[PDB]
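Only one structure is covered here, and it is reproduced in the block below.
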Amino acid sequence: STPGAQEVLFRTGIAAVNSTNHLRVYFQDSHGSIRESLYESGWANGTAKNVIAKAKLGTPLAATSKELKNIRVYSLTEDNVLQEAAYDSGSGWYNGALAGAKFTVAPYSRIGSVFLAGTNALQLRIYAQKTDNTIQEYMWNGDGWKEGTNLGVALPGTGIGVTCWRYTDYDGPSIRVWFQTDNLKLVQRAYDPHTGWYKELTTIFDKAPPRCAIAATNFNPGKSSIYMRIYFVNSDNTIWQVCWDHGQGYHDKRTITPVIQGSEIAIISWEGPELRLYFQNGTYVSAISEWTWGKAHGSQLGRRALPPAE
Ligand SMILES: CO[C@@H]1O[C@@H](C)[C@@H](O)[C@@H](O)[C@@H]1[Se]C
Ligand SMILES: CO[C@@H]1O[C@@H](C)[C@@H](O)[C@@H](O)[C@@H]1[Se]C
Ligand SMILES: CO[C@@H]1O[C@@H](C)[C@@H](O)[C@@H](O)[C@@H]1[Se]C
Ligand SMILES: CO[C@@H]1O[C@@H](C)[C@@H](O)[C@@H](O)[C@@H]1[Se]C
Ligand SMILES: CO[C@@H]1O[C@@H](C)[C@@H](O)[C@@H](O)[C@@H]1[Se]C
Ligand SMILES: CO[C@@H]1O[C@@H](C)[C@@H](O)[C@@H](O)[C@@H]1[Se]C
């Protein structure tokens, strides 16, 4: 290890946002603060002068953004209340209004979060697990934080992946949410603007480790076409990837890169496609590492140890 790496909590929650290749990564330090490391033509920060929030130890972490003009980062308080750190260009970092709504979740709850694609308005959908194990949507459409749709029972402590896009032939957002059911299967729930929430659970993986991390992204939306990638930590201690490609659907499942036992993961993407995955693989014991995919080089390890580790 290194003194910087030692600051990073083992099995920390990880989230990330970006605008093309301008990247922000969020993780929890060993004292329970949430920090931001940044990539602007090089990695920086992740230090004790870059704290944006403070959360229970072991907190789930989720983030979402409009480019890097608006960023939101979600975690839990010590009383398992959903809370929000918010950044707006020219306003700085501040506490969002979410904690004020006092949404109490299961202590083992994960969190998923997205801005709704295809509008300039700041509309948010947040997904977490309540004490009855249901996955609950919470929303902001400008008028205060309100409960939205409840997506049904999931495994206690299930990972929660979520992504959102707008098809170019549609008048609204599409959302997909992935989590794990009591049978240990990995499933999809879907929302399209005219159908609303589909009733059916779609299976994407037959059996996965209990409470494995789950993270998803999308790229190249078009006329009734999308590309999606969903990542999870499998029983061979690697991140696996489930591909949705237009015309083929859920046609490829494969290992991507090794991780430490119970690593969390984050994924971002941009058009190309460029993929960046973040996780812990044992580098300096506790540092966060990056995996990359692009057309130029395909699958390649990226930054070995994110700030503050190096
Ligand atoms: C210019 O501000 C940076 O970019 C913002 C989008 C953000 O993530 C700030 O925390 C960092 Se700190 C230098
Ligand atoms: C306008 O409300 C802010 O942006 C919204 C999209 C949201 O995250 C609110 O909680 C914060 Se509170 C200032
Ligand atoms: C229009 O319906 C709302 O926005 C959709 C995009 C979605 O997130 C619905 O569950 C909620 Se219903 C509380
Ligand atoms: C068009 O299919 C839908 O959208 C895709 C992106 C996907 O999530 C399918 O499972 C559902 Se249901 C066939
Ligand atoms: C052709 O490359 C695929 O799409 C890339 C964007 C990527 O995510 C690869 O792992 C997969 Se491998 C089925
Ligand atoms: C050009 O640098 C790469 O793309 C950046 C956007 C970034 O994530 C770097 O760590 C990697 Se290292 C192969």
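FYI, nothing fancy with the structure tokens labels: chains A, B, ... in order, residues from 1 per chain, ligands from 1 as they appear.
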Could you list, with a cut-off of 12 Å and counting only C-alpha atoms and all ligand atoms, the residues of chain A near ligand 6, each shown with its nearest atom pair and the distance in Å rounded to one decimal, rows sorted by chain and ascending number, as JSON lines?
{"residue": "A:16", "atom": "CA", "partner": "ligand 6", "partner_atom_place_in_ligand_line": "8 (O)", "distance": 11.1}
{"residue": "A:17", "atom": "CA", "partner": "ligand 6", "partner_atom_place_in_ligand_line": "8 (O)", "distance": 11.4}
{"residue": "A:18", "atom": "CA", "partner": "ligand 6", "partner_atom_place_in_ligand_line": "6 (C)", "distance": 9.4}
{"residue": "A:19", "atom": "CA", "partner": "ligand 6", "partner_atom_place_in_ligand_line": "6 (C)", "distance": 10.0}
{"residue": "A:20", "atom": "CA", "partner": "ligand 6", "partner_atom_place_in_ligand_line": "6 (C)", "distance": 7.9}
{"residue": "A:21", "atom": "CA", "partner": "ligand 6", "partner_atom_place_in_ligand_line": "6 (C)", "distance": 4.5}
{"residue": "A:22", "atom": "CA", "partner": "ligand 6", "partner_atom_place_in_ligand_line": "6 (C)", "distance": 6.8}
{"residue": "A:23", "atom": "CA", "partner": "ligand 6", "partner_atom_place_in_ligand_line": "6 (C)", "distance": 7.1}
{"residue": "A:24", "atom": "CA", "partner": "ligand 6", "partner_atom_place_in_ligand_line": "8 (O)", "distance": 9.8}
{"residue": "A:25", "atom": "CA", "partner": "ligand 6", "partner_atom_place_in_ligand_line": "8 (O)", "distance": 10.3}
{"residue": "A:37", "atom": "CA", "partner": "ligand 6", "partner_atom_place_in_ligand_line": "10 (O)", "distance": 11.6}
{"residue": "A:38", "atom": "CA", "partner": "ligand 6", "partner_atom_place_in_ligand_line": "8 (O)", "distance": 9.8}
{"residue": "A:39", "atom": "CA", "partner": "ligand 6", "partner_atom_place_in_ligand_line": "7 (C)", "distance": 6.9}
{"residue": "A:40", "atom": "CA", "partner": "ligand 6", "partner_atom_place_in_ligand_line": "6 (C)", "distance": 8.3}
{"residue": "A:41", "atom": "CA", "partner": "ligand 6", "partner_atom_place_in_ligand_line": "5 (C)", "distance": 7.3}
{"residue": "A:42", "atom": "CA", "partner": "ligand 6", "partner_atom_place_in_ligand_line": "9 (C)", "distance": 7.2}
{"residue": "A:43", "atom": "CA", "partner": "ligand 6", "partner_atom_place_in_ligand_line": "10 (O)", "distance": 7.2}
{"residue": "A:44", "atom": "CA", "partner": "ligand 6", "partner_atom_place_in_ligand_line": "10 (O)", "distance": 10.9}
{"residue": "A:267", "atom": "CA", "partner": "ligand 6", "partner_atom_place_in_ligand_line": "8 (O)", "distance": 11.0}
{"residue": "A:268", "atom": "CA", "partner": "ligand 6", "partner_atom_place_in_ligand_line": "8 (O)", "distance": 9.7}
{"residue": "A:269", "atom": "CA", "partner": "ligand 6", "partner_atom_place_in_ligand_line": "6 (C)", "distance": 9.7}
{"residue": "A:270", "atom": "CA", "partner": "ligand 6", "partner_atom_place_in_ligand_line": "6 (C)", "distance": 9.7}
{"residue": "A:271", "atom": "CA", "partner": "ligand 6", "partner_atom_place_in_ligand_line": "6 (C)", "distance": 12.0}
{"residue": "A:272", "atom": "CA", "partner": "ligand 6", "partner_atom_place_in_ligand_line": "6 (C)", "distance": 11.9}
{"residue": "A:273", "atom": "CA", "partner": "ligand 6", "partner_atom_place_in_ligand_line": "6 (C)", "distance": 11.8}
{"residue": "A:274", "atom": "CA", "partner": "ligand 6", "partner_atom_place_in_ligand_line": "6 (C)", "distance": 8.2}
{"residue": "A:275", "atom": "CA", "partner": "ligand 6", "partner_atom_place_in_ligand_line": "8 (O)", "distance": 8.4}
{"residue": "A:276", "atom": "CA", "partner": "ligand 6", "partner_atom_place_in_ligand_line": "8 (O)", "distance": 6.1}
{"residue": "A:277", "atom": "CA", "partner": "ligand 6", "partner_atom_place_in_ligand_line": "8 (O)", "distance": 8.7}
{"residue": "A:278", "atom": "CA", "partner": "ligand 6", "partner_atom_place_in_ligand_line": "8 (O)", "distance": 9.6}
{"residue": "A:288", "atom": "CA", "partner": "ligand 6", "partner_atom_place_in_ligand_line": "10 (O)", "distance": 11.5}
{"residue": "A:289", "atom": "CA", "partner": "ligand 6", "partner_atom_place_in_ligand_line": "10 (O)", "distance": 9.1}
{"residue": "A:290", "atom": "CA", "partner": "ligand 6", "partner_atom_place_in_ligand_line": "10 (O)", "distance": 6.7}
{"residue": "A:291", "atom": "CA", "partner": "ligand 6", "partner_atom_place_in_ligand_line": "8 (O)", "distance": 8.1}
{"residue": "A:292", "atom": "CA", "partner": "ligand 6", "partner_atom_place_in_ligand_line": "13 (C)", "distance": 6.5}
{"residue": "A:293", "atom": "CA", "partner": "ligand 6", "partner_atom_place_in_ligand_line": "13 (C)", "distance": 8.7}
{"residue": "A:294", "atom": "CA", "partner": "ligand 6", "partner_atom_place_in_ligand_line": "4 (O)", "distance": 9.0}
{"residue": "A:296", "atom": "CA", "partner": "ligand 6", "partner_atom_place_in_ligand_line": "13 (C)", "distance": 10.5}
{"residue": "A:297", "atom": "CA", "partner": "ligand 6", "partner_atom_place_in_ligand_line": "13 (C)", "distance": 9.0}
{"residue": "A:298", "atom": "CA", "partner": "ligand 6", "partner_atom_place_in_ligand_line": "13 (C)", "distance": 10.5}
{"residue": "A:299", "atom": "CA", "partner": "ligand 6", "partner_atom_place_in_ligand_line": "13 (C)", "distance": 9.9}
{"residue": "A:300", "atom": "CA", "partner": "ligand 6", "partner_atom_place_in_ligand_line": "13 (C)", "distance": 7.0}
{"residue": "A:301", "atom": "CA", "partner": "ligand 6", "partner_atom_place_in_ligand_line": "13 (C)", "distance": 6.7}
{"residue": "A:302", "atom": "CA", "partner": "ligand 6", "partner_atom_place_in_ligand_line": "12 (Se)", "distance": 4.0}
{"residue": "A:303", "atom": "CA", "partner": "ligand 6", "partner_atom_place_in_ligand_line": "10 (O)", "distance": 4.6}
{"residue": "A:304", "atom": "CA", "partner": "ligand 6", "partner_atom_place_in_ligand_line": "10 (O)", "distance": 8.4}
{"residue": "A:305", "atom": "CA", "partner": "ligand 6", "partner_atom_place_in_ligand_line": "10 (O)", "distance": 9.5}
{"residue": "A:306", "atom": "CA", "partner": "ligand 6", "partner_atom_place_in_ligand_line": "10 (O)", "distance": 8.5}
{"residue": "A:307", "atom": "CA", "partner": "ligand 6", "partner_atom_place_in_ligand_line": "10 (O)", "distance": 11.1}
Within 12 Å of ligand 2: each chain A residue with its shortest pair, only C-alpha atoms and all ligand atoms, as CSV:
residue,atom,partner,partner_atom_place_in_ligand_line,distance
A:63,CA,ligand 2,8 (O),10.7
A:64,CA,ligand 2,8 (O),9.8
A:65,CA,ligand 2,6 (C),9.7
A:66,CA,ligand 2,6 (C),10.1
A:69,CA,ligand 2,4 (O),11.5
A:70,CA,ligand 2,4 (O),8.2
A:71,CA,ligand 2,8 (O),8.3
A:72,CA,ligand 2,8 (O),6.2
A:73,CA,ligand 2,8 (O),8.8
A:74,CA,ligand 2,8 (O),9.5
A:82,CA,ligand 2,10 (O),11.1
A:83,CA,ligand 2,10 (O),9.0
A:84,CA,ligand 2,10 (O),6.8
A:85,CA,ligand 2,8 (O),7.9
A:86,CA,ligand 2,8 (O),6.1
A:87,CA,ligand 2,4 (O),8.5
A:88,CA,ligand 2,4 (O),8.2
A:89,CA,ligand 2,4 (O),11.8
A:91,CA,ligand 2,13 (C),9.9
A:92,CA,ligand 2,13 (C),11.3
A:93,CA,ligand 2,13 (C),10.2
A:94,CA,ligand 2,13 (C),7.7
A:95,CA,ligand 2,12 (Se),6.9
A:96,CA,ligand 2,12 (Se),3.8
A:97,CA,ligand 2,10 (O),4.0
A:98,CA,ligand 2,10 (O),5.1
A:99,CA,ligand 2,10 (O),8.5
A:100,CA,ligand 2,10 (O),8.9
A:101,CA,ligand 2,10 (O),9.5
A:113,CA,ligand 2,8 (O),10.5
A:114,CA,ligand 2,6 (C),10.4
A:115,CA,ligand 2,6 (C),8.2
A:116,CA,ligand 2,6 (C),10.5
A:120,CA,ligand 2,6 (C),11.0
A:121,CA,ligand 2,6 (C),8.3
A:122,CA,ligand 2,6 (C),4.7
A:123,CA,ligand 2,6 (C),5.8
A:124,CA,ligand 2,6 (C),6.2
A:125,CA,ligand 2,6 (C),9.7
A:126,CA,ligand 2,8 (O),10.1
A:138,CA,ligand 2,10 (O),11.2
A:139,CA,ligand 2,7 (C),9.2
A:140,CA,ligand 2,6 (C),6.4
A:141,CA,ligand 2,6 (C),7.7
A:142,CA,ligand 2,1 (C),6.7
A:143,CA,ligand 2,2 (O),9.0
A:144,CA,ligand 2,10 (O),7.5
A:145,CA,ligand 2,10 (O),7.1
A:146,CA,ligand 2,10 (O),10.8
Would you export the selected residues with C-alpha atoms as an mmCIF file, in the first residue's frame, please?
data_model
loop_
_atom_site.group_PDB
_atom_site.id
_atom_site.type_symbol
_atom_site.label_atom_id
_atom_site.label_comp_id
_atom_site.auth_asym_id
_atom_site.auth_seq_id
_atom_site.Cartn_x
_atom_site.Cartn_y
_atom_site.Cartn_z
ATOM 1 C CA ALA A 63 -24.165 9.873 -8.574
ATOM 2 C CA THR A 64 -25.638 11.451 -11.682
ATOM 3 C CA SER A 65 -25.064 14.551 -13.753
ATOM 4 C CA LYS A 66 -26.027 16.873 -16.616
ATOM 5 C CA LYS A 69 -22.918 21.504 -15.101
ATOM 6 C CA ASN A 70 -25.105 19.772 -12.522
ATOM 7 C CA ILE A 71 -23.882 16.841 -10.375
ATOM 8 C CA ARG A 72 -25.723 15.055 -7.640
ATOM 9 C CA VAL A 73 -24.245 12.520 -5.182
ATOM 10 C CA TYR A 74 -26.408 10.204 -3.028
ATOM 11 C CA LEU A 82 -31.376 9.168 1.968
ATOM 12 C CA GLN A 83 -29.284 12.347 1.610
ATOM 13 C CA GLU A 84 -27.915 14.456 -1.321
ATOM 14 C CA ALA A 85 -24.833 16.486 -2.102
ATOM 15 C CA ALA A 86 -25.417 18.756 -5.063
ATOM 16 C CA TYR A 87 -23.112 20.761 -7.313
ATOM 17 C CA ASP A 88 -24.226 23.401 -9.839
ATOM 18 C CA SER A 89 -21.802 25.350 -11.986
ATOM 19 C CA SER A 91 -23.029 27.723 -7.120
ATOM 20 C CA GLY A 92 -20.380 25.258 -5.753
ATOM 21 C CA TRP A 93 -21.209 22.226 -3.584
ATOM 22 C CA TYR A 94 -24.185 22.415 -1.182
ATOM 23 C CA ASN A 95 -26.634 20.137 0.625
ATOM 24 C CA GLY A 96 -29.592 19.207 -1.498
ATOM 25 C CA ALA A 97 -33.114 19.099 -0.178
ATOM 26 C CA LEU A 98 -33.440 15.252 -0.189
ATOM 27 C CA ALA A 99 -32.643 14.636 3.548
ATOM 28 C CA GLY A 100 -35.438 17.111 4.348
ATOM 29 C CA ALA A 101 -37.961 14.666 2.951
ATOM 30 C CA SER A 113 -29.785 7.631 -9.454
ATOM 31 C CA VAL A 114 -30.412 9.313 -12.783
ATOM 32 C CA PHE A 115 -31.293 12.581 -14.370
ATOM 33 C CA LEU A 116 -34.000 12.080 -16.978
ATOM 34 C CA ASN A 120 -33.055 20.681 -19.919
ATOM 35 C CA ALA A 121 -35.209 20.579 -16.774
ATOM 36 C CA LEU A 122 -33.542 19.060 -13.732
ATOM 37 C CA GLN A 123 -35.691 15.998 -13.062
ATOM 38 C CA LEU A 124 -34.302 13.146 -10.964
ATOM 39 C CA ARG A 125 -35.274 9.551 -10.246
ATOM 40 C CA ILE A 126 -33.625 7.874 -7.263
ATOM 41 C CA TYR A 138 -38.202 8.786 -5.324
ATOM 42 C CA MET A 139 -38.474 11.761 -7.640
ATOM 43 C CA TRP A 140 -37.867 15.394 -8.134
ATOM 44 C CA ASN A 141 -39.819 17.261 -10.849
ATOM 45 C CA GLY A 142 -39.289 20.813 -9.437
ATOM 46 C CA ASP A 143 -42.003 20.856 -6.732
ATOM 47 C CA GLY A 144 -40.269 18.936 -3.896
ATOM 48 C CA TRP A 145 -39.110 15.350 -3.348
ATOM 49 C CA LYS A 146 -41.984 12.851 -3.690
#
Item to complete: For range 214-227 of chain A, list every protein, DNA or RNA residue within 9 Å, evaluated using only C-alpha atoms, and leave out those in the same chain fewer than 3 positions away; present the list as JSON, numbers by chain.
Response: {"A": [112, 158, 159, 160, 161, 162, 163, 164, 165, 166, 167, 168, 169, 170, 177, 178, 179, 180, 211, 230, 231, 232, 233, 243, 244, 245, 246, 247, 249, 264, 265, 266, 267, 268, 269, 270, 271, 272, 273, 275]}
Restricted to N, CA, C and O atoms, what would the selected residues look like written as a compact mmCIF listing (two decimals), in the first residue's frame?
# COMPACT_ATOMS: atom_id res chain seq x y z
N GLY A 112 -29.63 3.92 -6.51
CA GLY A 112 -29.40 4.21 -7.93
C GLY A 112 -29.93 5.60 -8.22
O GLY A 112 -30.89 6.03 -7.59
N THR A 158 -29.56 -5.95 -2.23
CA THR A 158 -29.34 -6.09 -3.67
C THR A 158 -28.64 -4.90 -4.16
O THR A 158 -28.92 -3.83 -3.70
N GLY A 159 -27.70 -5.09 -5.09
CA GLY A 159 -27.21 -4.00 -5.93
C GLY A 159 -28.35 -3.38 -6.73
O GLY A 159 -29.42 -3.98 -6.93
N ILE A 160 -28.12 -2.15 -7.19
CA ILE A 160 -29.12 -1.44 -7.95
C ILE A 160 -28.41 -0.71 -9.08
O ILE A 160 -27.66 0.25 -8.85
N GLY A 161 -28.64 -1.18 -10.31
CA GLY A 161 -28.13 -0.51 -11.49
C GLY A 161 -29.28 0.24 -12.15
O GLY A 161 -30.44 -0.19 -12.06
N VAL A 162 -28.98 1.35 -12.80
CA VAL A 162 -30.03 2.13 -13.42
C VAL A 162 -29.43 2.98 -14.50
O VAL A 162 -28.33 3.47 -14.35
N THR A 163 -30.16 3.12 -15.60
CA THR A 163 -29.71 3.96 -16.67
C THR A 163 -30.93 4.55 -17.35
O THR A 163 -32.03 3.99 -17.26
N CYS A 164 -30.71 5.67 -18.03
CA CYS A 164 -31.80 6.42 -18.62
C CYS A 164 -31.37 7.05 -19.94
O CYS A 164 -30.26 7.56 -20.07
N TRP A 165 -32.27 7.02 -20.91
CA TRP A 165 -31.98 7.59 -22.24
C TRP A 165 -33.30 8.06 -22.87
O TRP A 165 -34.38 7.77 -22.37
N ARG A 166 -33.21 8.79 -23.96
CA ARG A 166 -34.39 9.13 -24.74
C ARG A 166 -34.17 8.64 -26.16
O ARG A 166 -33.26 9.10 -26.85
N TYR A 167 -34.97 7.67 -26.59
CA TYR A 167 -34.99 7.28 -28.00
C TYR A 167 -35.33 8.49 -28.89
O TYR A 167 -36.23 9.28 -28.56
N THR A 168 -34.64 8.62 -30.01
CA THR A 168 -34.89 9.75 -30.92
C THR A 168 -36.31 9.77 -31.58
O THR A 168 -36.74 10.81 -32.03
N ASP A 169 -37.03 8.66 -31.61
CA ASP A 169 -38.45 8.63 -32.03
C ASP A 169 -39.47 8.63 -30.87
O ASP A 169 -40.60 8.15 -31.02
N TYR A 170 -39.10 9.14 -29.70
CA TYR A 170 -40.01 9.06 -28.56
C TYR A 170 -40.12 10.41 -27.94
O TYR A 170 -39.21 11.22 -28.08
N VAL A 177 -33.87 -0.47 -14.82
CA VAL A 177 -33.43 -0.70 -13.48
C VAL A 177 -33.14 -2.18 -13.36
O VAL A 177 -33.99 -3.04 -13.71
N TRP A 178 -31.96 -2.48 -12.84
CA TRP A 178 -31.54 -3.86 -12.59
C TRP A 178 -31.26 -4.08 -11.11
O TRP A 178 -30.62 -3.25 -10.45
N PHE A 179 -31.72 -5.21 -10.61
CA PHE A 179 -31.48 -5.61 -9.22
C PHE A 179 -31.57 -7.13 -9.13
O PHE A 179 -31.76 -7.79 -10.14
N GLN A 180 -31.40 -7.67 -7.93
CA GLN A 180 -31.31 -9.10 -7.71
C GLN A 180 -32.55 -9.52 -6.94
O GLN A 180 -32.94 -8.84 -5.98
N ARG A 211 -26.01 -10.03 -2.95
CA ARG A 211 -25.64 -8.62 -2.78
C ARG A 211 -24.45 -8.21 -3.62
O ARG A 211 -23.75 -7.25 -3.23
N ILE A 230 -24.38 -3.74 -18.60
CA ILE A 230 -24.61 -3.95 -17.21
C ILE A 230 -23.47 -4.79 -16.61
O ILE A 230 -23.15 -5.86 -17.14
N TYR A 231 -22.92 -4.31 -15.49
CA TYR A 231 -21.78 -4.92 -14.82
C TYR A 231 -22.14 -5.44 -13.41
O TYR A 231 -22.98 -4.87 -12.70
N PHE A 232 -21.57 -6.60 -13.06
CA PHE A 232 -21.75 -7.15 -11.75
C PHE A 232 -20.55 -7.96 -11.31
O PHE A 232 -19.74 -8.39 -12.13
N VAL A 233 -20.44 -8.16 -10.01
CA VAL A 233 -19.31 -8.88 -9.48
C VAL A 233 -19.77 -10.30 -9.36
O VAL A 233 -20.77 -10.54 -8.73
N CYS A 243 -24.09 -7.58 -22.18
CA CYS A 243 -24.34 -6.66 -23.30
C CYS A 243 -25.75 -6.75 -23.83
O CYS A 243 -26.25 -7.82 -24.17
N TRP A 244 -26.40 -5.60 -23.92
CA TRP A 244 -27.56 -5.41 -24.79
C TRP A 244 -27.06 -4.64 -26.01
O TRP A 244 -26.64 -3.49 -25.87
N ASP A 245 -27.10 -5.27 -27.18
CA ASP A 245 -26.85 -4.56 -28.47
C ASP A 245 -28.10 -4.57 -29.37
O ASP A 245 -28.76 -5.59 -29.50
N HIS A 246 -28.45 -3.44 -29.98
CA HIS A 246 -29.65 -3.34 -30.82
C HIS A 246 -29.63 -4.43 -31.86
O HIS A 246 -28.59 -4.65 -32.48
N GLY A 247 -30.77 -5.09 -32.03
CA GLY A 247 -30.93 -6.19 -32.95
C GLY A 247 -30.60 -7.54 -32.34
O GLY A 247 -31.09 -8.57 -32.82
N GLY A 249 -30.12 -7.98 -28.64
CA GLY A 249 -30.58 -8.03 -27.27
C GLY A 249 -29.49 -8.46 -26.33
O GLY A 249 -28.32 -8.12 -26.53
N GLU A 264 -17.16 -2.99 -4.89
CA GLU A 264 -18.29 -2.30 -5.50
C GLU A 264 -17.78 -1.89 -6.84
O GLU A 264 -16.58 -2.01 -7.10
N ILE A 265 -18.67 -1.39 -7.70
CA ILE A 265 -18.26 -0.91 -9.02
C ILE A 265 -19.07 0.30 -9.42
O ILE A 265 -20.14 0.51 -8.91
N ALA A 266 -18.50 1.07 -10.34
CA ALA A 266 -19.13 2.16 -11.02
C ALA A 266 -18.79 2.07 -12.49
O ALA A 266 -17.70 1.58 -12.85
N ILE A 267 -19.66 2.60 -13.32
CA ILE A 267 -19.43 2.65 -14.79
C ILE A 267 -19.86 4.00 -15.32
O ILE A 267 -20.87 4.54 -14.88
N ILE A 268 -19.10 4.53 -16.25
CA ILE A 268 -19.55 5.64 -17.06
C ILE A 268 -19.29 5.34 -18.51
O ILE A 268 -18.65 4.34 -18.84
N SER A 269 -19.79 6.21 -19.38
CA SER A 269 -19.54 6.08 -20.81
C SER A 269 -19.79 7.37 -21.55
O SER A 269 -20.44 8.29 -21.04
N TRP A 270 -19.25 7.40 -22.76
CA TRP A 270 -19.51 8.44 -23.70
C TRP A 270 -19.44 7.91 -25.13
O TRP A 270 -19.09 6.75 -25.34
N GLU A 271 -19.81 8.76 -26.09
CA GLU A 271 -19.99 8.32 -27.48
C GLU A 271 -18.66 7.99 -28.14
O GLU A 271 -17.69 8.70 -27.95
N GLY A 272 -18.66 6.92 -28.92
CA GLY A 272 -17.45 6.30 -29.43
C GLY A 272 -17.76 4.86 -29.84
O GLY A 272 -17.78 4.54 -31.03
N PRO A 273 -18.07 3.98 -28.87
CA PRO A 273 -18.19 4.21 -27.43
C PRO A 273 -16.86 4.16 -26.67
O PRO A 273 -15.97 3.43 -27.05
N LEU A 275 -15.84 3.40 -22.63
CA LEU A 275 -16.28 2.88 -21.36
C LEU A 275 -15.17 3.02 -20.30
O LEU A 275 -14.01 2.74 -20.56
What are the nearest atom pairs, with distances in Å to one decimal, for all residues of chain A that come at most 8 Å from ligand 3, using only C-alpha atoms and all ligand atoms, set out by chain and rising residue number as JSON lines?
{"residue": "A:116", "atom": "CA", "partner": "ligand 3", "partner_atom_place_in_ligand_line": "6 (C)", "distance": 7.3}
{"residue": "A:125", "atom": "CA", "partner": "ligand 3", "partner_atom_place_in_ligand_line": "8 (O)", "distance": 5.8}
{"residue": "A:137", "atom": "CA", "partner": "ligand 3", "partner_atom_place_in_ligand_line": "10 (O)", "distance": 6.7}
{"residue": "A:138", "atom": "CA", "partner": "ligand 3", "partner_atom_place_in_ligand_line": "13 (C)", "distance": 7.6}
{"residue": "A:139", "atom": "CA", "partner": "ligand 3", "partner_atom_place_in_ligand_line": "8 (O)", "distance": 7.0}
{"residue": "A:146", "atom": "CA", "partner": "ligand 3", "partner_atom_place_in_ligand_line": "13 (C)", "distance": 7.7}
{"residue": "A:147", "atom": "CA", "partner": "ligand 3", "partner_atom_place_in_ligand_line": "13 (C)", "distance": 6.4}
{"residue": "A:148", "atom": "CA", "partner": "ligand 3", "partner_atom_place_in_ligand_line": "13 (C)", "distance": 3.2}
{"residue": "A:149", "atom": "CA", "partner": "ligand 3", "partner_atom_place_in_ligand_line": "10 (O)", "distance": 4.4}
{"residue": "A:150", "atom": "CA", "partner": "ligand 3", "partner_atom_place_in_ligand_line": "10 (O)", "distance": 7.7}
{"residue": "A:172", "atom": "CA", "partner": "ligand 3", "partner_atom_place_in_ligand_line": "6 (C)", "distance": 7.9}
{"residue": "A:173", "atom": "CA", "partner": "ligand 3", "partner_atom_place_in_ligand_line": "6 (C)", "distance": 6.2}
{"residue": "A:174", "atom": "CA", "partner": "ligand 3", "partner_atom_place_in_ligand_line": "6 (C)", "distance": 7.3}
{"residue": "A:175", "atom": "CA", "partner": "ligand 3", "partner_atom_place_in_ligand_line": "6 (C)", "distance": 7.3}
{"residue": "A:191", "atom": "CA", "partner": "ligand 3", "partner_atom_place_in_ligand_line": "7 (C)", "distance": 7.1}
{"residue": "A:192", "atom": "CA", "partner": "ligand 3", "partner_atom_place_in_ligand_line": "6 (C)", "distance": 7.8}
{"residue": "A:193", "atom": "CA", "partner": "ligand 3", "partner_atom_place_in_ligand_line": "6 (C)", "distance": 6.9}
{"residue": "A:196", "atom": "CA", "partner": "ligand 3", "partner_atom_place_in_ligand_line": "9 (C)", "distance": 7.0}
{"residue": "A:197", "atom": "CA", "partner": "ligand 3", "partner_atom_place_in_ligand_line": "10 (O)", "distance": 6.9}
Just C-alpha atoms for this one: save the residues we selected as a compact mmCIF listing (two decimals), in the first residue's frame.
# COMPACT_ATOMS: atom_id res chain seq x y z
CA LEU A 116 -34.00 12.08 -16.98
CA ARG A 125 -35.27 9.55 -10.25
CA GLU A 137 -38.53 5.24 -6.73
CA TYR A 138 -38.20 8.79 -5.32
CA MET A 139 -38.47 11.76 -7.64
CA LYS A 146 -41.98 12.85 -3.69
CA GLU A 147 -42.27 9.08 -3.65
CA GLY A 148 -42.73 7.68 -7.17
CA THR A 149 -43.41 4.10 -8.34
CA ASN A 150 -42.55 1.07 -6.21
CA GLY A 172 -39.94 11.12 -23.27
CA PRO A 173 -37.40 9.19 -21.18
CA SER A 174 -36.76 5.49 -21.06
CA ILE A 175 -35.41 3.98 -17.85
CA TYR A 191 -40.04 2.11 -18.27
CA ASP A 192 -40.94 3.65 -21.59
CA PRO A 193 -43.02 6.88 -21.84
CA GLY A 196 -45.14 3.24 -18.33
CA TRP A 197 -43.54 0.51 -16.21
Item to complete: Check the DSSP output for the backbone and give back, as a PyMOL selection string, the residues of range 23-263 of chain A in helix (DSSP H, G or I).
Response: chain A and resi 48-50+98-101
Practice prompt. Find the residues near range 104-110 of chain A: any atom within 10 Å, counting only C-alpha atoms, skip ones fewer than 6 places away on the same chain, and give them as a PyMOL selection string.
Written response: chain A and resi 13+56+58-62+74-83+127-136+156-161+179+211+213-214
